[PDB]
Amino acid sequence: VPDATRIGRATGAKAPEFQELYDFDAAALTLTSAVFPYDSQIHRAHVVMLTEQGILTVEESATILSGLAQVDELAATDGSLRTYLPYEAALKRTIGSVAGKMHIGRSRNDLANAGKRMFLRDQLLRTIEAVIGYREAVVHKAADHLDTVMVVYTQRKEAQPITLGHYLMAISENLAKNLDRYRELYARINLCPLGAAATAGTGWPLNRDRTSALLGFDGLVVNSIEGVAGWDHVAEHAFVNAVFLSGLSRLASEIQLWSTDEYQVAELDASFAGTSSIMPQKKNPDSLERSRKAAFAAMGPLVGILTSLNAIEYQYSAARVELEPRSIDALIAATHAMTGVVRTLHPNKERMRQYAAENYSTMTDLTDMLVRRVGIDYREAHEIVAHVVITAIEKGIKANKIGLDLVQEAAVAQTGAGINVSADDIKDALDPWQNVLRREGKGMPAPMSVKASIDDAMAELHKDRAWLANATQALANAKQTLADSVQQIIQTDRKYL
């Protein structure tokens, strides 16, 4: 059975990234199920720490740890065992009374705060990886389009000539700052609240630093109230998601306008477009609109979380709203889809240049040339050239057909006086490629300037990747240390006690 939506102009299959936008809702885990594996790791880390501290014997510890593996397997097909007291009860049914001792010095409150942090931590690295992939596609695309002349818009009106490369590096700069937001967040997420217990710590002699290290955290949430009451990192995670996706929505919208029947300066790759069940001419930007949809929806968790924090005291509270897996899954789907849209986008270079040459985006350079050549002030030059445009539109004269006579008449009609410039001066001013070449400062569209930005972006991308590799490795190392510690205890008890 082929994909039934791939009919008419929707040729070939959906891109995998495009398909993700249709799968995440049904596939999403509940927060409870997403967090559960991390809770299991926390049980191991906590028990191991209690063993170092002499609160549990190695014998007790080995019995508990073997039990945890058994209950974990039970919970793999029984969701009802994925919350704490049901899990603890299953453990008790499995290994007996000693199961109760795993909760010494601990609460569901700091367990839950830690488990959710571990989940969000993982998802943050997942997100950073996706955003890096997005930025890579944007920067690589830009590098192929240093001389792809096109107009930039302001207020959805043609403004001045740029290049597609120049436009994409605006997106790269946006993404660089969002990557900073995410990395800044990570430092606050990756703190361990365990040892706070209910909210006030415990008389038991815990070593909070050990539990933290065994679970890959880079530090503690120190104060025990902050350990269970603290939730700002959840709000912040939802915020960075929302603001990052708003930038993604803006790009999606930009490309959607570019690929209208009327603009026609770009075309989506077929693998990122759909069609209509009734209108056979449609090549629809379903990838773009579903990506925007995700962006809009990301507003929801942000507001829900902040509302819930505004509504309570500085306490542990079961009333706090969560950042849920399905929300993060939508972000990843949209980010992947837009990565693919950007990679495979088909610019219509000839039409791009035609608009740049014909629809008056070159008028600023005409105005600048008057100021530079004849020394009149910018406001008067502007009024002259505005008159040129008004007359050209009235007479049906494209910008690249404007010559000396039209500019003279406009000058006279507008100021009573002619103006002392040549036909060659005007011709050069109205050449859209020369508009691009003139704009050669930092961050401007001239190829040498955009190329400088790309070189800088490539270096930053290397650091983005290095940061991600280091963060990921730190967690992998901790998880290996923990697994090794668990096996040491279980095997030594089995054979040598």
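Counting begins at 1, following the sequence as shown. Note that the rigid core is defined as the largest set of C-alphas that superpose within 1.5 Å between two forms.
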Just give me the stretch that moves more in 5 other deposited structures of this protein: 415-423 or 274-282, judged by RMS C-alpha distance after a core fit.
415-423
Higher-B stretch (mean Cα B-factor, as the entry records it), 207-215 or 303-311
207-215
Pick between 65-73 and 38-46: the one whose mean CA B-factor in the entry is higher.
65-73
Among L220, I189, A114, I376, single out the one with the highest C-alpha B factor in the record, please.
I376
Residue selected from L124, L331, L288, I419 by maximal Cα B factor
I419
Should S361 be placed in the lowest, middle or highest third of its chain by the C-alpha B factor in the entry?
middle
By the entry's values, the third containing the CA B factor of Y182 is the lowest
Ranked against its chain, the third holding the CA B-factor of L29
lowest
Could you look up the Cα B-factor of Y84 in the entry and say which third of the chain it sits in: lowest, middle or highest?
highest
For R156, the third of its chain by CA B-factor is the middle
